[PDB]
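Undergrad: There's a structure below that I have some questions on.
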Amino acid sequence: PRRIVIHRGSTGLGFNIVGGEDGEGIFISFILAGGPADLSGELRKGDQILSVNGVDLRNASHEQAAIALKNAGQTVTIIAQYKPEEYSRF
């Protein structure tokens, strides 16, 4: 896992997430070109989001993860782990 710090833009953090069903974690599914996640050079499709500002998201619902990202403020600290494998299957 790695720590990535990004700052919110006028259309958000610049990525989308899928997952959150059952056991399955929250995964990045889309990186907006030119947005904050894109220009971090660290976030990518297939990353699992483990935590946002210290809030554990490993077991979170899609909505709970969405809410956490919305409420994380202007400086958003993500712990992410590239898991290519579970992303494709789930």
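Residue numbers start at 1 in each chain; chains themselves are named A, B, ... in the order of the structure tokens; ligands are numbered from 1 in the order shown.
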For region 16-20 of chain A, list every protein, DNA or RNA residue within 12 Å, evaluated using only C-alpha atoms, and leave out those in the same chain fewer than 2 positions away; present the list as a ChimeraX atom specification.

TA: /A:11-14,22-33,35-38,43-50,57-70,86-90

Undergrad: For a quick check of understanding, using only C-alpha atoms, which of A:84, A:15, A:51, A:1 has the smallest distance to residue 72 (chain A)?

TA: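 Closest residue, counting only C-alpha atoms: A:51.
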
Undergrad: Any idea what the distance is between CA of residue 54 (chain A) and CA of residue 39 (chain A)?

TA: 22.0 Å

Undergrad: Just the residues within 9 Å of residue 75 (chain A), please, counting only C-alpha atoms, with nothing from its chain fewer than 4 positions along; format it as a ChimeraX atom specification.

TA: /A:5-8,53

Undergrad: Closest to residue 9 (chain A) among A:21, A:80, A:41, A:73, using only C-alpha atoms?

TA: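 Selected residue with least distance to residue 9 (chain A): A:73.
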
Undergrad: Step one, run DSSP on the backbone; step two, keep only residues of chain A assigned to alpha helix (DSSP H); then write them as a ChimeraX atom specification.

TA: /A:36-39,62-70,84-89

Undergrad: Would you mind exporting N, CA and C atoms of the selected residues as a compact mmCIF listing (two decimals), in the first residue's frame?

TA:
# COMPACT_ATOMS: atom_id res chain seq x y z
N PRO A 36 -7.19 15.68 -10.44
CA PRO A 36 -6.23 15.50 -9.33
C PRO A 36 -5.69 14.09 -9.20
N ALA A 37 -6.55 13.07 -9.29
CA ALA A 37 -6.05 11.70 -9.20
C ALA A 37 -5.10 11.38 -10.35
N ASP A 38 -5.45 11.82 -11.56
CA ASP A 38 -4.59 11.59 -12.72
C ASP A 38 -3.20 12.16 -12.48
N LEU A 39 -3.13 13.41 -12.05
CA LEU A 39 -1.85 14.09 -11.92
C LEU A 39 -1.11 13.74 -10.65
N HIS A 62 -20.52 0.93 -1.55
CA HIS A 62 -20.24 1.95 -2.55
C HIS A 62 -20.71 3.32 -2.07
N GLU A 63 -21.90 3.39 -1.48
CA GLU A 63 -22.40 4.68 -1.00
C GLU A 63 -21.54 5.22 0.13
N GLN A 64 -21.18 4.35 1.08
CA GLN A 64 -20.37 4.81 2.20
C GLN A 64 -19.04 5.37 1.72
N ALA A 65 -18.42 4.70 0.75
CA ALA A 65 -17.17 5.19 0.18
C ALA A 65 -17.36 6.50 -0.55
N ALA A 66 -18.43 6.61 -1.33
CA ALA A 66 -18.75 7.87 -2.00
C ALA A 66 -18.89 8.99 -0.98
N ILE A 67 -19.62 8.73 0.10
CA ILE A 67 -19.83 9.75 1.14
C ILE A 67 -18.50 10.13 1.77
N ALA A 68 -17.65 9.15 2.06
CA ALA A 68 -16.35 9.44 2.66
C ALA A 68 -15.52 10.34 1.75
N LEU A 69 -15.55 10.09 0.44
CA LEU A 69 -14.78 10.93 -0.47
C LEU A 69 -15.37 12.33 -0.54
N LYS A 70 -16.69 12.44 -0.48
CA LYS A 70 -17.33 13.75 -0.53
C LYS A 70 -16.97 14.57 0.70
N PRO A 84 -4.77 -5.72 -9.15
CA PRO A 84 -5.32 -5.96 -10.50
C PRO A 84 -6.32 -7.10 -10.65
N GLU A 85 -6.01 -8.10 -9.88
CA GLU A 85 -6.69 -9.40 -9.79
C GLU A 85 -8.14 -9.40 -9.26
N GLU A 86 -8.36 -8.82 -8.08
CA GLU A 86 -9.68 -8.78 -7.48
C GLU A 86 -10.58 -7.80 -8.20
N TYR A 87 -9.97 -6.78 -8.79
CA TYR A 87 -10.72 -5.77 -9.53
C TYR A 87 -11.44 -6.40 -10.71
N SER A 88 -10.73 -7.21 -11.49
CA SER A 88 -11.31 -7.85 -12.67
C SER A 88 -12.42 -8.84 -12.34
N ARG A 89 -12.20 -9.66 -11.31
CA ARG A 89 -13.16 -10.66 -10.89
C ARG A 89 -14.42 -10.07 -10.24

Undergrad: I need the strand (DSSP E or B) residues of region 25-72 of chain A per DSSP on the backbone, written as a list in words.

TA: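 Residues meeting the strand (DSSP E or B) criterion: residues 26, 27, 28, 29, 30, 31, 47, 48, 49, 50, 51, 52, 55 and 56 of chain A.
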